[PDB]
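**Q** this one's experimental. Sequence and coordinates below.
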Amino acid sequence: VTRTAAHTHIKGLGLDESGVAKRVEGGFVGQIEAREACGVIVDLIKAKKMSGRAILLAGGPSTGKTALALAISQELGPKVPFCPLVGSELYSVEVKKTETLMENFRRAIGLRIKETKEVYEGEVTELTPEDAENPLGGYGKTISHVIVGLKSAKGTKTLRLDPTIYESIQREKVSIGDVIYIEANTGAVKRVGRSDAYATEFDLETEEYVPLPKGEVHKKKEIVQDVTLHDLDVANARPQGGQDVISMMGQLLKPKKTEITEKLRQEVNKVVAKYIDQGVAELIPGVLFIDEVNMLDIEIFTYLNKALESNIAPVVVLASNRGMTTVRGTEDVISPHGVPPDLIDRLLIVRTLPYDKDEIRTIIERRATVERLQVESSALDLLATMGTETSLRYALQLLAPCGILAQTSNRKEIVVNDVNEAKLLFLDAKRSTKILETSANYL
Amino acid sequence: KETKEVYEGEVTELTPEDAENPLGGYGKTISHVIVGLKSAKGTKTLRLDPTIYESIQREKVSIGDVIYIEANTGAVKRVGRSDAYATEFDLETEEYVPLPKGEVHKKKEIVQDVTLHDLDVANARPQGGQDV
Amino acid sequence: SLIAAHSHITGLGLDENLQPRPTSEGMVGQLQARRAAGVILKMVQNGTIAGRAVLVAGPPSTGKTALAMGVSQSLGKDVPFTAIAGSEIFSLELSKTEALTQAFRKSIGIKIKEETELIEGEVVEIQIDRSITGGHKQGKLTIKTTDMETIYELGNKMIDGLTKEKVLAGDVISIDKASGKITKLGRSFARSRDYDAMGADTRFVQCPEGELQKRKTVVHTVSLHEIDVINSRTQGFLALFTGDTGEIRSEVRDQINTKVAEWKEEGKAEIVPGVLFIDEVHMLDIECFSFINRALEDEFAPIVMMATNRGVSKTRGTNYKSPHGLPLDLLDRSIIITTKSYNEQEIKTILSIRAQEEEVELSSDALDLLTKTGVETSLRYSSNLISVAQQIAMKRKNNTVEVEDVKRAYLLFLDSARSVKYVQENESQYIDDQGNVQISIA
Amino acid sequence: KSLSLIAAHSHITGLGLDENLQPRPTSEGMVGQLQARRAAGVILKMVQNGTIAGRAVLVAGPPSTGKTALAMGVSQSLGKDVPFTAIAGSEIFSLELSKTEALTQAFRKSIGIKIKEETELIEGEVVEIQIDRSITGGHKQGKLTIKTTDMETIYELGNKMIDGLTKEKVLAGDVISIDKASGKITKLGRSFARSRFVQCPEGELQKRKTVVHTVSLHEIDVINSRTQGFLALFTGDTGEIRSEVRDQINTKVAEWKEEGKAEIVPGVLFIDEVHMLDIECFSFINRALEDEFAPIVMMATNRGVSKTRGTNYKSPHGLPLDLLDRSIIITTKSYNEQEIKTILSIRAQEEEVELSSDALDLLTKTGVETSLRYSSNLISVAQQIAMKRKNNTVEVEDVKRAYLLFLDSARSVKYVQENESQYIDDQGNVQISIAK
Amino acid sequence: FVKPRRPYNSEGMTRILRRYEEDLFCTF
Amino acid sequence: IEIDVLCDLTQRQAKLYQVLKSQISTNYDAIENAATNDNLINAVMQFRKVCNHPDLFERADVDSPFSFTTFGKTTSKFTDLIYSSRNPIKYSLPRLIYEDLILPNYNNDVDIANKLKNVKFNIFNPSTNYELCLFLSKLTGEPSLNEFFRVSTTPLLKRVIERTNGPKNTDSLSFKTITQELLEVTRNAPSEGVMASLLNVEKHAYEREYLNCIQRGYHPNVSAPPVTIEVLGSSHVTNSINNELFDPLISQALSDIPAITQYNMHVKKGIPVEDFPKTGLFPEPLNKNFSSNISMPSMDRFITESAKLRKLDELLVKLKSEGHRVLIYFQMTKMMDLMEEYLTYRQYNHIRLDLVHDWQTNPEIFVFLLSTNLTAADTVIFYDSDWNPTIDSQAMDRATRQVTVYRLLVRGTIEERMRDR
Ligand SMILES: Nc1ncnc2c1ncn2[C@@H]1O[C@H](COP(=O)(O)OP(=O)(O)O)[C@@H](O)[C@H]1O
Ligand SMILES: Nc1ncnc2c1ncn2[C@@H]1O[C@H](COP(=O)(O)OP(=O)(O)O)[C@@H](O)[C@H]1O
Ligand SMILES: Nc1ncnc2c1ncn2[C@@H]1O[C@H](COP(=O)(O)OP(=O)(O)O)[C@@H](O)[C@H]1O
């Protein structure tokens, strides 16, 4: 019914009120100390006071680091922005990697503003233009002003327009008898559709039909809106939504990331500080998750060394599989987890332990219950032995072919013959490696 | 392989014949335009569409030019002025082509050889957007 | 169309019990790999499982790409199958992660339901009011069948579609209201007043009967990447064809994910998954492997099929060697289907299938020598030699292909080992690796 | 103020120095490094003098010793409108600007010009407006009554003021500012009428107001280049500004300074991790400080006898010998126990942490054995553990819990080294299996 | 009852008219 | 005789649930036990308000980008509307910079050096470089020798707008490429032709994919005008900026002329058609849905926002043939939502809180909503997911000689705990 994909079983960190964790709750099994550390981190995050904090989720492969990051995001909520990332995603061909990292830093910080909108909406009853006395004078436009008549429900008003607002009106291609929506904040117009008071069974353009808008014209309504600071930086660097010629030409041109200067970010900070001082906007700091942080070179770590010192920079969590591994982009500097020792001092390493046999067994059982598979006890034990023998992920990813073989053999339960056939058909890494070492023609 | 049924030749007259019962509030209600085409060994008078007159004034077609109207698409193509009607003896800048040969109504099969890459690069580029 | 190297596969050749026949649907042998590919096919057809990587491995000239195209033919209609190679990821205007995400979002599909009105009738009159410059276009249409006659108002796009495919009165046209199609089925009046300008000879059609407007419901398939380019900029439809989709932002992706979830919950749209096939996967970089590792674990992620013919070799972008050229963390997430080399009977059956498809008739002895040559050097060499033996036979004016023809073809065209033995004996003739050569005869 | 959460350097408010440039032992949030603070005070006086251009100083020492803290003290104690540019070393490597021209931009962003200008501004509280529309609308006349806390007047309006008052709809009771020269009206806010709120402005309308403008030389370079608007200052697409516009600007600001219409305000460029720059960037830094319109460049690095980027050899501080010859070096030393304790107490004071004396001494000992940033990260997370058990005071068990949960560098190094088979080495070999 | 048709404004533009018998073009 | 229906949770419902779960916290298991036993009660009612309808929490108004604008706002015959949007970021430039480096002056050299670099030393100048102009007039085939000097000294977008040129010399080196021949063929050509249909496949893909009726998925989050430059004390800056932002040629180019103005211009004032300023050069958007970033709240989407409401509307679709009544129960403000629902989309006979006996006499009417003897009703539809079965018994004290109880329930919430206990 519902599409499952990878660690969908996680519903949260599964902690208690005192700050402790139960063994099997919240979709997790084990890793009690890592769970409690991430709970203290998410409490620090909800405190909304510190900036430029960083932790590291260290450990081997297939150990639960990305699971812990997803659990943190689910414990945080939708209003707090979670910005997932991979280390390889910072290498863009349009713009330097430093600006991509700073754009992600600004993308993590959220904002929630209540906004007041001045709205003229209604049905266009009349629409007359007034020409100029010298239409080919070269200066000014071919019309002078335009009178338009809008009636909402239980109201009627006549509007006299300057040529720019009517230029937007005719760019949205209104006609007599259409329901329109003038936003006086930007001059943007939205054509709602034909009024349904007239006959609605004769058009040939699949037009929607809408009743009269309730209330008077010249409404003033309050909208709550959730935006990030990166949205403000992008919207000011590529200005669209105005009605001048720069905003009109900005829509049609090809978008391209540019190195946003520090002056724009400082001006956006001053404006958001004014919005906060007005009491209309609140600051919501969030997270940024660089999975596979070993993929970054030394230059991104050098820029992080300064970008964590900002007064607005969020809390950033990292993951790494490496042990004593040389840093990418350097020649002889060998460091733990592929992370240079300057960044390790700002970091707070959260270790993550490997699993046991029974923990693997209950993880496989929970994955079978998530995927709506029914498994007998003997096949579950055999899959647990296979997990401890080959790998955990090879045991988790073998449940689906046993399900396919089960519905092939007109059964729902997974017998031992099904997991034996799935062992035969699909190989793990080690058996395929032994096949590689015992072949001549580079199989 | 394609076929083309075309009309071309020197124009003799272009009369926007007004309609009987000519509506109201509009002058010049064309019922049809009569274009008299002449070429070598043939001359044909034609009864065209009321709408092709807009192309006639769009391409600046007057008496003394050679045009090119196709049967299916219905578009003029002003090739130039005839050599015989070089009335501006002193100073003119019109192109002058000889009067075309054969009948005005010539239908022929034309072969076109084109690569698939030309089709791809013609489909990919904007084909006459008339936008900024 | 033309005939290609994998044209003989017309499916995968398995039963309802997922048991392969010895020779069915143009495929012979490879029983375990065929059964495993059928299992993965049924797992795709279920659709509730997402982001599972399947790695096909074996020696060259075995049928890994043949197995992949067999899965593609058995995949059915309206299911995406993005078949790229390893080197399309590297680009000058796209990042590697962005090109991979574009491939991932091409491979997954959305089936959208729409409601559509069908109008078909004779045209009584057309009145079109265009402005002085021709910009604003508005007007009325009066279409008619034998039972009722209705008048519709026209918009700009319908009138512009009316100007092309010029519609005289008495023309039976079909109007699709949603798609905006105009289909002149023919002319039904055949008026005596005929214009000498117009050259149309549209066929005579019967007057339509029944009601004028007919409601129908239609379904069409569009991938996630197409909607991403469409919503990315104003002229996204042109960038769908010209490929000028330069690094679409993440905000667009988040909003289209929420939107297609909303369309799923309304019953309007249905999300079907697909198979993303990479050929010569080892050509990728290590950062591509890390992004594949962290992008298989997403909700919208297809069943990635991965093919390599390489043993333990150096992984690109790194200084070490790894099995299959793939690092161990990607091999952890991938289940490996292995393939095995053929015997003489399977090679003979392959060559017989190839000859039966390629419209070439062979004798028994020619087939035996082709089987022996195929089991000697390579299967692809004999499969290529069928063509030149056919052409030599038609140059000798005989319908069949004889043993002498394939012997002349074997003498004429060289294989790998013979060209190696001819290069090694004549090392002064060709340019060496140090760039030293003797072009003079003596 | 702006958007200011708690950062790593938030407690610094300058250099704790007297009038004789003698450093106080603990002042203005900064403690320790007495020689480094006196040297940075001398550099601060060198900036405030303004008669010295293009000097390079280098702060070098061990990590977590306060070189960035010293630079942030200099930045806070400079004041306002004296320019300060802070860049990391990994920022000039651009995909659309050359590295030397990015260095030229970072050099010229830190020299400001000071122009004083005076304008007439009308800022008052509007009593009422009255506009009479014509028979058709050819001419529009109207009257306007504005007032202050002291004065009261009536104005006759022409066409353009009425057009500029209908735009930005001004009602009775609003407080607006009218610019007479440019015809710009700004709505300051509604006055104190009960029916945003701002008090009614004081008297003496049409008052003389002097606004002092500080514009960096990079903005004038972008403005004077006619192919670049001022929108390149925000979008950041300048695209290798040529040399002739820069030399035109240099001559023009020189003649402004000699004419008396402007005054040059020199500033500080601070480069974090200058060892990540390459050899040709070092060469441009060598030959760019000679110019008269050049800032005083601060570089901070911690590498010692490292390789230089883009060359094969090794040089002290990661810097070639000529750049070290062109620069004077401030050496930072490490901290003893008492300075670490006072730093931790200042940090706990700023992060609003009420902590026990014994817990403070335990964090001090962890900051002696392990580097200071570990303990500074540990205070806030221990405070979160403290509120987790509903205690407002951080105790010793909270610090022990934070030590047990969050590992430092050396323990993680040991824990990797004992269990190397579980992780991934340089050759990409990992034993994911847990048994056999 | 039956709803009225939308008001069709045809003022100020040329008219192309095609009917069953003969074709028209009223231009300005 | 006994029906209990169960509904899942929609995405907006799950989003509101998870933000309430993360924000309030306060032991959600103990909050579940609090909802079992019945501030804590304010949390339980607000969780139930999330469970019933998103619009019972907050009304979903228009989805528009954040207007990063400062403008003329009303603090509260015609009232004229004038465009006044400005960027809140104001870049301040002194007058010295503008009047000394950008404008002409007696002590300035901008006009002199500008003429000397643009006209006097231009290589396309026919007065001093006639040979090069004649060379390029042979190559390109321009009829006018001043075309090269005019082209080299115009802004490029102004060159785009003023480009309409049809005479060309036939004795020139400018060529008609095979692609250009094919483009001239498919300038105007109908269907069923091979040479046009092989090159019009973009329109075929547009037509066959039903792509003119795909709804908009993405809108920008913040829309902002360009950064306003403010120079204090000079009206020349204001006039120049007003000229740059609102250039009449270019603003006329991206727009259209009203048809009445075209008729009054061409016929009444005798302006020729070619003398009109160029119009209609704005690109056509993909559908009508992509015309603007403001999205109107679809009333069809209001049904699908709440899963209980969607199942109820499906149930009414099945049950229009028979007469029943509906209980809205203990929740306030759900009345006006359901009221607006059936008087906005699907108009049904109804009555909402004598006239009770008046509907009891009327068999064809459906009662719908009531709050918390009525045996004339044939079927009561209600929730049964209430803490007090005494409230249930008082509700079914109302109770035609038939009952068919349908019980509305949402899964994956506190409602299931309520039902179980
Ligand atoms: N504590 C846990 N409880 C349940 N499942 C887990 C746990 N840790 C890891 N898993 C499973 O292991 C798989 C890999 O976890 P993930 O965090 O995505 O990668 P890694 O473990 O390499 O960081 C996931 O499918 C996840 O469901
Ligand atoms: N089971 C099979 N059925 C059909 N064709 C096959 C089979 N096995 C191999 N082939 C043929 O052998 C050739 C090599 O297979 P392919 O997978 O394309 O390359 P490789 O095996 O080197 O990866 C292909 O041309 C294919 O047609
Ligand atoms: N003298 C000092 N006074 C106050 N805080 C200091 C002092 N020295 C170092 N710190 C603090 O120590 C922490 C790390 O020092 P930092 O300046 O990052 O060292 P480095 O400059 O070597 O990187 C910072 O949070 C800083 O505030």
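**A** Everything's here; your move. Residues are numbered from 1 along each chain as shown, chains lettered A, B, ... in the order given. Ligands and ions are numbered 1, 2, ... in the order given.
**Q** and the closest residue to residue F:410 other than its chain neighbours, backbone torsions?
**A** Closest residue to residue F:410 apart from its sequence neighbours, by C-beta to C-beta, 6 or more residues apart in numbering or on different chains: residue F:7 at 5.0 Å. Quick note: C-beta positions are derived from backbone N, CA and C, even for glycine. Main-chain dihedrals, residue F:7, degrees, to the nearest 10: phi -120, psi 150.
**Q** quick check: residue F:7 touching residue F:413?
**A** No: with contact defined as C-beta atoms under 8 Å, residue F:7 does not count as touching residue F:413 (9.8 Å).
**Q** the residue nearest to residue F:410 and ligand 1: what is the separation?
**A** According to C-beta to the nearest ligand atom, to the nearest Å, residue F:7 and ligand 1 sit 29 Å apart.
**Q** got the contact list for residue F:1?
**A** Listed by C-beta atoms under 8 Å, 6 or more residues apart in numbering or on different chains, the contact set of residue F:1 reads F:403, F:404, F:405.
**Q** next: residue F:219.
**A** C:255, F:63, F:64, F:65, F:293, F:294, F:295.
**Q** what do you get for residue C:354?
**A** Contacts of residue C:354 (C-beta under 8 Å, 6+ apart): C:8, C:383, C:386.
**Q** and residue C:372, by the same measure?
**A** residue C:344.
**Q** mind exporting the C-alpha coordinates of the helix or strand harbouring it to CSV?
**A** Using DSSP states H and E, the element containing residue C:372 is helix C:364-376. What follows is helix C:364-376 as a C-alpha-only set of coordinates in CSV (Å, rounded to 0.1, in the frame of the first residue of the first chain):
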residue,chain,number,x,y,z
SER,C,364,25.1,-27.5,-41.0
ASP,C,365,28.9,-27.6,-41.6
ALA,C,366,29.1,-23.8,-41.8
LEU,C,367,27.3,-23.6,-38.4
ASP,C,368,29.7,-26.2,-36.9
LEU,C,369,32.7,-24.2,-38.0
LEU,C,370,31.1,-21.0,-36.8
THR,C,371,30.5,-22.7,-33.4
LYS,C,372,34.1,-23.9,-33.3
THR,C,373,35.4,-20.4,-34.2
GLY,C,374,33.1,-18.8,-31.6
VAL,C,375,34.2,-21.2,-28.9
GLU,C,376,37.8,-20.7,-30.0
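**Q** hmm, it in reach of ligand 2?
**A** No: shown here: helix C:364-376 not in contact with ligand 2 (C-beta under 6 Å from any ligand atom), separated by at least 10.1 Å.
**Q** show me what the next helix-or-strand element following that helix is packed against.
**A** Using DSSP H and E, the helix or strand that directly follows helix C:364-376 along the chain is helix C:379-395. Helix C:379-395 sits against helix C:344-357, helix C:364-376, helix C:403-412, with contacts defined as 3 or more C-beta pairs under 8 Å, 6 or more residues apart in numbering or on different chains; DSSP states H and E.
**Q** which bits of the stretch 101-250 of chain A sit near chain E?
**A** Residues of the stretch 101-250 of chain A that fall close to chain E, judged by C-beta under 8 Å from any C-beta of the partner chain: A:176, A:177, A:194, A:197, A:198, A:199, A:200, A:202.
**Q** if you set the cut-off to 7 Å instead, what comes out?
**A** A:176, A:177, A:197, A:198, A:199 (C-beta under 7 Å from any C-beta of the partner chain).
**Q** quick one, which of those are buried?
**A** Among those, those classed as buried by neighbour count (16 or more other C-beta atoms under 10 Å in any protein chain shown) are A:176, A:177.
**Q** distance of the residue nearest the centre of chain F relative to chain A?
**A** Nearest to the mean C-alpha position of chain F, counting by C-alpha atoms, centre = their mean, stands residue F:294 at 2.5 Å. From residue F:294 over to chain A the distance is 4 Å, taken as C-beta to the nearest C-beta, to the nearest Å.
**Q** try residue C:90
**A** Remark: distance between residue C:90 and chain A (C-beta to the nearest C-beta) = 10 Å.
**Q** number of nearby residues for that residue?
**A** Neighbours of residue C:90 under the rule other C-beta atoms under 10 Å in any protein chain shown: 13.
**Q** what sits closest to the residue in chain F positioned nearest to chain E if chain neighbours are left out?
**A** Among the residues of chain F, residue F:263 lies closest to chain E, at 3.6 Å counting by C-beta to the nearest C-beta. Nearest residue to residue F:263, sequence neighbours excluded (C-beta to C-beta, 6+ apart): residue E:12, at 3.6 Å.
**Q** do residue C:323 as well
**A** residue A:433 (4.5 Å).
**Q** just say helix, strand or coil for that neighbour.
**A** Assigned with DSSP: H, G, I helix; E, B strand; the rest coil, residue A:433 falls in the helix class.
**Q** with ligand 2 as the reference, measure out to it.
**A** With the distance defined as C-beta to the nearest ligand atom, residue A:433 ends up 20 Å from ligand 2.
**Q** I'd like to know how many residues surround that residue.
**A** Residue A:433 - counted by other C-beta under 10 Å - has 19 other residues nearby.
**Q** thinking again about what came up before, farthest pair within the residues of the stretch 101-250 of chain A next to chain E?
**A** Of all pairs drawn from these, the greatest distance, 14.2 Å, lies between A:176 and A:199 (C-beta to C-beta).
**Q** let me see the contact set for residue 142.
**A** Because you didn't say which chain, this covers chain A. The neighbourhood of residue A:142, defined by C-beta atoms under 7 Å, 6 or more residues apart in numbering or on different chains, consists of A:131, A:132, A:135, F:252, F:257, F:261, F:265, F:277.
**Q** what about those residues, which are in strands?
**A** residue A:131 (DSSP state E).
**Q** among the contacts of residue A:142, name the ones in helices.
**A** With DSSP state H as the criterion, helices contain F:252, F:261 from among those.
**Q** most surrounded residue in the contacts of residue A:142?
**A** That'd be residue F:257 among the contacts of residue A:142, by other C-beta under 10 Å, with 25 neighbours.
**Q** spatially nearest residue to it (excluding sequence neighbours)?
**A** residue A:142 (5.1 Å).
**Q** equivalent analysis for residue C:169, please.
**A** Distances taken as C-beta to C-beta, 6+ apart put residue E:20 closest to residue C:169, at 4.6 Å, once the chain neighbours are dropped.
**Q** could you pull up the residues touching that neighbour?
**A** C:124, C:125, C:169, C:170.
**Q** could those go into CSV alongside distance to residue C:104 and neighbour count?
**A** Formatted as CSV, those follow (distance: C-beta to C-beta, whole Å; neighbours: other C-beta atoms under 10 Å in any protein chain shown):
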residue, distance to residue C:104, neighbour count
C:124, 53, 17
C:125, 53, 16
C:169, 53, 19
C:170, 53, 15
